[PDB]
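In the block that follows, a single chain appears as structure tokens, in the form deposited in one PDB entry.
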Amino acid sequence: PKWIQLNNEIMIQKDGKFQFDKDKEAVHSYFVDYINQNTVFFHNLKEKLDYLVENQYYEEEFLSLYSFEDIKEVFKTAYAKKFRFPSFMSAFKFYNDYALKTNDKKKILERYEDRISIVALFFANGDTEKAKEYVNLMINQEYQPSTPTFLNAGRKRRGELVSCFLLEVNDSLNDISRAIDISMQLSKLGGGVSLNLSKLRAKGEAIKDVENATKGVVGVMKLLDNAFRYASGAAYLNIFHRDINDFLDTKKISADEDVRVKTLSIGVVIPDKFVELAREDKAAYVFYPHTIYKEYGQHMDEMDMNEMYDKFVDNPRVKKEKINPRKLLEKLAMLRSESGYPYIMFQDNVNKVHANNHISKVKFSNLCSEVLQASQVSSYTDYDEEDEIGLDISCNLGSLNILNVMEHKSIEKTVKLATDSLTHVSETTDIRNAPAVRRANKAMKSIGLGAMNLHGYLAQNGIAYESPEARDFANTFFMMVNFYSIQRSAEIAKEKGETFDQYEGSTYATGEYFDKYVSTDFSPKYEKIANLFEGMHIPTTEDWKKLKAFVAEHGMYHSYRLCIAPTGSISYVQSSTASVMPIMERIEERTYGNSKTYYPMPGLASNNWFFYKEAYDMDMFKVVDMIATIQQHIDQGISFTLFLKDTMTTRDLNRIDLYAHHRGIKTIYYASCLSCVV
């Protein structure tokens, strides 16, 4: 092939440097000589849209809200910008993973600008003017909806626009069977399911009269394992659950094969009491949760372990087991070193700053440890009896492109317009066969707006990832994202005239959420960073006082608004570095069918090679500082992968773990998440 030959000329050194400028000709040799030759061209858009509608690719019910004169302008608004892919891989990933091919998969029916216009039309819901705003937002590459939303919007044979779910499992056979079903019902829809197993009683607990008969959390994982294989799942366990060790032992590569679940990623929920016990090397006790329920009438998973730990240890009716917390903490380091996960969640770093503890304290997370929301377990009763439908969690995700948002000075416009997009995706998803998910989506209206291209933007403006100026930039940037996200949530609250259920008891309504912003200023401390926000207003401490009073009068429409998820193949389309993380490689080498493909990180030039420092060469404690400073202005979580070298002892890894907990990190794991990325 020809376009491959031009891309590989990057590695052919000329004058002592790589031929980065050879990728522009490789992507040019890709649009010519292939994809332009394989687009079944139409004479007019009307001929184009009618074929796509008559032959049943696009849904008809949403084009029916627009007059055709408007649809042509929206499509004209997309091509109006002469958009050119800067890299070969950036166009390769779109026209192979996103563009709509024909049913016989031999012709390209959709190009960029087509996907964007259809998506924009779907978002606007009939508003021709907003559909053009959505086009410009995505064609300037300021905002990028998640893969399930970007790919499946407006199509027939629709995959759900949500592809990430969190379930609560109650402690009964009835609830386990339902959780098995809901997992398959959601898995077939292309979504990832993460289940909290901490309310299930441990191995060797009682079943009514018989005293030693429960198979524990492990047995339910084997049921869930087969269920996901039939139709990527995850299971979180609180670290004080007795089965925590057997929970971790199903993921050793050397597992007994008869107990090894193979399609379940695992997560571990750790409250502060465990960190304190590990720090002082004294013996710790894990508990049989049903003895807690039998005694206190409440789920151990719903009580404050920081207040109840000593009481459980001293209650003789509570059954306990002695463990070594340092050995268990080192063990979490090895399994993460061996599988990337268990995803670690510092439970009290989430709820210290949680706005909706009146609904519930956050108890677990999703497949990549970014979604952190309240939840209430259901109780699916017998057949003839009514069930109690609680609140599960749905992940409506999307990320801004930090680079292009700064180039266009559109922090307010992009965040507020993206919020409308996520709110529309939430109101259009109506999932059946998963009742607690469905009830929670209409009641909580939670969205997850993220960001990407932090490292690419910093390296393209002469700023190092580990530098104090970088942290100073992120501190101001995400403070503005949080500002306008809250502002848009309150603006939507008055337009619609309602708030998310039980908002009256949130810290948004009581004002506690704004204590930090009305007392502390977040304008950049370095003048070099201040010059980056030229031409756009930095909200002052007086602005936050005004927003707090405005929210106090009209309320919030969303219970949760921001979360920073990983960016899968779409990061290539956006010509962006992955998520808010540092880059792993300056140039990537991938083997796609008898051909070597090279993709230098976006914007990588010979004059910024120093600034594209690879993550494995970085100080992970300084990386923790960066993620902690961003988490200050993210109400949910941030997917954080530690990039570790092989030559690190178990004391070095726990020192990084303990440090992250100290700085207030909510979630962490090392470096399956396909359904739950942007």
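The numbering used is simple: start at 1 and walk along the sequence shown. Here, rigid core means the biggest group of C-alpha atoms that superpose within 1.5 Å across both forms.
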Would you mind checking whether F85 is unresolved in the model of at least a third of the other PDB entries compared?
no
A231: gap in at least one third of other compared structures
yes
Check the residues of the deposited sequence separating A231 from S232 and report how many of them have no coordinates, as none, 1 to 3, 4 to 9, or 10 or more.
4 to 9
Note how many residues of the deposited chain are left out of the model between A671 and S672; the options are none, 1 to 3, 4 to 9, and 10 or more.
4 to 9
Which of 385-393 and 281-289 has higher mean CA B factor, as the PDB entry lists it:
281-289
Going by the entry, of stretches 353-361 and 549-557 the one with greater average Cα B-factor is 549-557
Top Cα B factor in the deposited entry, candidates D181, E307, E542, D249:
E542
From the entry's CA B-factor values, the highest among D619, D625, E47, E614 is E47
Once the chain's modelled residues are ordered by C-alpha B factor and cut into thirds, is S29 in the lowest, middle or highest one?
highest
Lowest, middle or highest third: where is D430 by Cα B-factor in its chain?
highest
Is the Cα B-factor recorded for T629 in the lowest, middle or highest third of its chain?
middle
Per the entry's values, where does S639 land by CA temperature factor relative to the rest of its chain, in the lowest, middle or highest third?
lowest
Temperature factor at the Cα of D243, chain-ranked in thirds, falls in the lowest
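Same protein, other form: the form deposited in another entry, not shown, and the subject of what follows.
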Looking at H537, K352, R84, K262 between this form and the one not shown with the core superposed, the single C-alpha displaced by 2 Å or more is at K262
Yes/no, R438 Cα shift of 2 Å or more between this form and the one not shown with rigid core fixed
no
Taking 2 Å as the cut-off, check whether the CA of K215 shifts that much or more between this form and the one not shown after a rigid core fit.
yes
Would you tell me if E469 moves between this form and the one not shown by 2 Å or more at its C-alpha, with the rigid core held superposed?
no
